[PDB]
Amino acid sequence: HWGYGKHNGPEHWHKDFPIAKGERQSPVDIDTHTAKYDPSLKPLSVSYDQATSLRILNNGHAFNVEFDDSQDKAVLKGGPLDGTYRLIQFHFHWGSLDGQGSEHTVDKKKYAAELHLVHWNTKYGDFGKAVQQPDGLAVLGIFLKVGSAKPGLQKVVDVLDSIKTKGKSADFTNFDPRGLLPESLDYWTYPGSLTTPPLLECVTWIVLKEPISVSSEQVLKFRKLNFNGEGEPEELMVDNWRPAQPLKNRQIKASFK
Ligand SMILES: NS(=O)(=O)c1c(F)cccc1F
Ligand SMILES: NS(=O)(=O)c1c(F)cccc1F
Ligand SMILES: OC[C@H]1O[C@@H](O)[C@H](O)[C@@H](O)[C@@H]1O
Ligand SMILES: OC[C@H]1O[C@@H](O)[C@H](O)[C@@H](O)[C@@H]1O
Ligand SMILES: OC[C@H]1O[C@H](O)[C@H](O)[C@@H](O)[C@@H]1O
Ligand SMILES: [Zn+2]
């Protein structure tokens, strides 16, 4: 199966997922000087007050914090989006060292990690239907840099010892994802794809300009997770990021002047 190693990583994915070489792949480098303010963007609304987290899962690639998306409880609206997008899960991508780990880059700069809050367009009824549509998903991306600790991340960090290996899950109720957001909602947006197989071109990306700070100790705990299953030789879960892909016939728009 696909992964991040030398023999099954991003440079190999195209052989089973030919869309890997497609016209709107993600992530991309965000050239901050070429990105243009877009007055047609509406105010962005992140409405997570009633979010219901359920479970945290090590899926062998990353860990997902899953939400009850059976009804409109945490949603994303506004900005570039037409209609209502429901939060289904969040996860991260990170590096083996602080100097890499993000998927998007900013003027070629790599951050230590990147948080993805994944939402599906409720007009399509379910996630599987949404990923058949050009506007099926919206992913809110947030960069992580290493400095002061992020208090709202600590509950995540502290459960990771219980989901060390692929296929393990744990209860993760009553987690507030609002504690993972920076102060500012300034953002860049562009049309793209899932960054892992199946690489489907369904995503409106909304990437916040302001990174959150996390402590070295917090990201070191991410790096103690395992790609492998229980009992198998240890492969540390690190460098689970896809590099930037060609921008092709796209423009990145900014929410800020
Ligand atoms: N294309 S891919 O990354 O999914 C892949 C490989 F490259 C190699 C082996 C199995 C496999 F699934
Ligand atoms: N990393 S990402 O947010 O683009 C993403 C998802 F949300 C869901 C599935 C695959 C995937 F790649
Ligand atoms: O427990 C995490 C969050 O869950 C939500 O459903 C509640 O409405 C919030 O008040 C709370 O912060
Ligand atoms: O033709 C002019 C237009 O070109 C487009 O590529 C830009 O996105 C618009 O902002 C601009 O008004
Ligand atoms: O909020 C997420 C989780 O944080 C802590 O692990 C709590 O002990 C647990 O009860 C809760 O589910
Ligand atoms: Zn992701």
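Every heavy atom of this structure was used, including side-chain atoms; hydrogens, water molecules and symmetry mates were not. Every number for a ligand or one of its atoms is a count from 1 in the order of the listing. Position 1 is the first residue of the sequence; numbering continues from there.
Looking at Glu66 and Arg55, a side-chain N of the basic residue comes within less than 4.0 Å of a carboxylate O on the acidic one, giving a salt bridge. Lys248 has a carboxylate O that lies under 4.0 Å from a charged side-chain N of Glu23, or vice versa, which qualifies the two as a salt bridge. No salt bridge links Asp68 with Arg86; every basic N to acidic carboxylate O contact stays at or beyond 4.0 Å.
Atom 1 (O) of ligand 4 is not flagged as protein-proximal [any protein heavy atom, distance under 4.0 Å]. Atom 8 (O) of ligand 4 is approached by the protein to below 4.0 angstrom, counting heavy atoms only.
Atoms of ligand 3 lying under 4.0 Å from at least one heavy atom of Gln50, given by number and element, are 6 (O), 8 (O). Heavy-atom contacts of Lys253 reach the following atoms of ligand 4: 7 (C), 8 (O), 10 (O) (cutoff under 4.0 Å). Interface of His12 with ligand 1, defined as ligand atoms under 4.0 Å from a residue heavy atom, comprises 1 (N), 3 (O), 7 (F). Close approach of ligand 4 to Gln251 is summarised as follows: ligand atoms under 4.0 Å from at least one heavy atom of the residue are 5 (C), 6 (O), 7 (C), 8 (O). Of all atoms in ligand 3, listed by their number and element, those nearer than 4.0 Å to a heavy atom of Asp176 are 2 (C), 12 (O). The distance from ligand 3 to the heavy atoms of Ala51 drops below 4.0 Å at these ligand atoms: 4 (O), 5 (C), 6 (O). Heavy-atom proximity to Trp2, at under 4.0 Å, picks out these atoms of ligand 1: 3 (O), 4 (O), 12 (F).
Here the side chain of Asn58 pairs no donor or acceptor atom with the backbone of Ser169 at under 3.5 angstrom.
Considering only non-hydrogen protein atoms, atom 10 (O) of ligand 4 sits nearest to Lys36 NZ, 3.2 Å.
Residue contacts with ligand 3, taken as heavy atom pairs separated by less than 4.0 Å, involve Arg178 solely via side-chain atoms from C-beta onward.
Using a 4.5 Å cut-off on side-chain heavy atoms (C-beta onward), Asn240 and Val238 make no contact.
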* Evaluation steps, salt bridge (charged side-chain N to carboxylate O under 4.0 Å, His left out), between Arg178 and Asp176 -> CA-CA 5 Å; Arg178 296 178 295 179; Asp176 182 1; 3.1 Å; yes

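Interatomic distance, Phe256 CZ to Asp38 CG, rounded to the nearest 0.5 Å: 12.0 Å. A distance of 9.0 Å separates OG in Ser255 from CH2 in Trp188, rounded to the nearest 0.5 Å. Interatomic distance, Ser213 OG to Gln218 CD, rounded to the nearest 0.5 Å: 10.0 Å.
Here's the thing with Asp16: one of its N/O atoms is less than 3.5 angstrom from an N/O atom of ligand 1. Where the criterion is an N or O separation shorter than 3.5 Å, residue side chain and backbone included, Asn174 meets it with respect to ligand 3.
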